[PDB]
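**Student:** Structure provided below as structure tokens; questions to follow.
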Number of protein chains: 2
Amino acid sequence: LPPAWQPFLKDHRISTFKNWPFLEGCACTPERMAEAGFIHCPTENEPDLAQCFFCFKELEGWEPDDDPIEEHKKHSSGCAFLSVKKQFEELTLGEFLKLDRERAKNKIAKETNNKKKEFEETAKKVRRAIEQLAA
Amino acid sequence: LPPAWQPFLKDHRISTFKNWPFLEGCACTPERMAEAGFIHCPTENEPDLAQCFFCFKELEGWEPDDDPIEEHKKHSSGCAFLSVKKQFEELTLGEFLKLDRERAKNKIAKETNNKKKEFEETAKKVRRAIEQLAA
Ligand SMILES: [Zn+2]
Ligand SMILES: [Zn+2]
């Protein structure tokens, strides 16, 4: 199972949850999260944050009665994965190759938006410095 | 796509035949050879030979009116690709994964069959060595 293309695997998605806080008795059990495409991205801050393997929308603020499907459609209506209804081994390689192609795109988008924000930041920072020489 | 799984792609197989002699007017064009599962694995000592990427039978002695499917069905009936009638992107990732399972099998078979042939070889050298030491 080619490790680069593994996140299409719900069990792999489940395995990503290292010490995911919410378990039985909760509605966003990590199964329900992986079922929604999310994977665990624990950090120093917000160790509750997960990311959709396909659209890459990141999401925290998780409470036990949050429906990870409902939060995925809400914060990332454009996610193509949400539309996948068949199981993985049930996709034709035509469909699957279209997904991984779209997903790689979604990944460039995340990177592009990110470089752009990092740029505007250093942009804002330099004009402030220049403005200060007017004074 | 994962380079180990690239020979499943007809176009990839076609791309293999570099300096293949038989071209227009021939029955074993690199088109027909690839459609038949062959891949060009030429050597200095056998620049004619192609190998089925799936069952691993290798075949030289190619003449321009050879139909590589009929030469395939001939020398390796047990090859599972021959029964693959669907196009590639129409397989379910389930069936596709089943094939590569069998193909990995076929490669191990070839490995042992080869390890065995190497052994009977060095046996012969050892038997003939001993016999000469009788005289
Ligand atoms: Zn998504
Ligand atoms: Zn074959």
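Read-outs throughout are calculated quantities, based only on the coordinates presented, and are distinct from any laboratory measurement. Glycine gets a Cβ as well: all are built from the backbone with ideal geometry, and neighbour counts include every protein chain shown.
**Student:** Check the range A:88-103 and report whether any residue there is without any contact (Cβ under 8 Å) to a residue 12 or more places away in the chain and within 16 Å of ligand 1 (Cβ to nearest atom). Full working, then the answer.
**Tutor:** Just the residues of the range A:88-103 that are without any contact (Cβ under 8 Å) to a residue 12 or more places away in the chain, to begin with: A:89-95, A:97-98, A:101.
From what's left, within 16 Å of ligand 1 (Cβ to nearest atom): A:98, A:101.
Yes, some residue in the range A:88-103 is without any contact (Cβ under 8 Å) to a residue 12 or more places away in the chain and within 16 Å of ligand 1 (Cβ to nearest atom).
**Student:** Let me ask you something else. Taking the criterion of being touching a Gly at 6+ places or on another chain (Cβ under 7 Å) and within 10 Å of ligand 2 (Cβ to nearest atom), would at least one residue in the range B:87-104 satisfy it?
**Tutor:** For the range B:87-104, residues touching a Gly at 6+ places or on another chain (Cβ under 7 Å) and within 10 Å of ligand 2 (Cβ to nearest atom): absent.
**Student:** Turning to a different aspect of this structure: Would you mention how many residues in the range A:72-99 are within 12 Å of chain B (Cβ to nearest Cβ) and either within 13 Å of A:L9 (Cα to Cα) or not hydrophobic (A, V, I, L, M, F, W, C) (or both)? Explain how you work it out, then say what you get.
**Tutor:** So in the range A:72-99, the residues within 12 Å of chain B (Cβ to nearest Cβ) come out as A:86-99.
Those left that are additionally either within 13 Å of A:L9 (Cα to Cα) or not hydrophobic (A, V, I, L, M, F, W, C) (or both): A:86-92, A:94-96, A:98.
Count: 11.
The rows are residues; the columns are (1) assigned to a strand (DSSP E or B); (2) touching a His at 6+ places or on another chain (Cβ under 8 Å); (3) within 15 Å of ligand 1 (Cβ to nearest atom); (4) not small (G, A, S).
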| residue | (1), (2), (3), (4) |
| --- | --- |
| A:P21 | no, no, no, yes |
| A:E24 | no, no, no, yes |
| A:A27 | no, no, no, no |
| A:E44 | no, no, no, yes |
| A:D48 | no, no, no, yes |
| A:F56 | no, no, yes, yes |
| A:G61 | no, no, no, no |
| A:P64 | no, no, no, yes |
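**Student:** Within the range B:13-33, can you find the residues that are touching a strand residue (DSSP E or B) at 6+ places or on another chain (Cβ under 9 Å) and surrounded by 19 or more Cβ atoms within 10 Å (Cβ to Cβ)?
**Tutor:** Residues satisfying the conditions are B:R13, B:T16, B:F17, B:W20, B:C28, B:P30, B:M33.
**Student:** Report whether or not B:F81 is within 24 Å of A:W5 (Cβ to Cβ), among the aromatic types (F, W, Y) and surrounded by fewer than 18 Cβ atoms within 10 Å (Cβ to Cβ).
**Tutor:** Working: within 24 Å of A:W5 (Cβ to Cβ): yes; among the aromatic types (F, W, Y): yes; surrounded by fewer than 18 Cβ atoms within 10 Å (Cβ to Cβ): no.
Spelling it out, it is not the case that B:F81 is within 24 Å of A:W5 (Cβ to Cβ), among the aromatic types (F, W, Y) and surrounded by fewer than 18 Cβ atoms within 10 Å (Cβ to Cβ).
**Student:** So, A:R32, is that one more than 16 Å from ligand 2 (Cβ to nearest atom), away from chain B (no Cβ under 14 Å) and part of a helix (DSSP H, G or I) or not? Break it down into steps so the answer makes sense when it comes.
**Tutor:** Details: more than 16 Å from ligand 2 (Cβ to nearest atom): yes; away from chain B (no Cβ under 14 Å): yes; part of a helix (DSSP H, G or I): yes.
It is true that A:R32 is more than 16 Å from ligand 2 (Cβ to nearest atom), away from chain B (no Cβ under 14 Å) and part of a helix (DSSP H, G or I).
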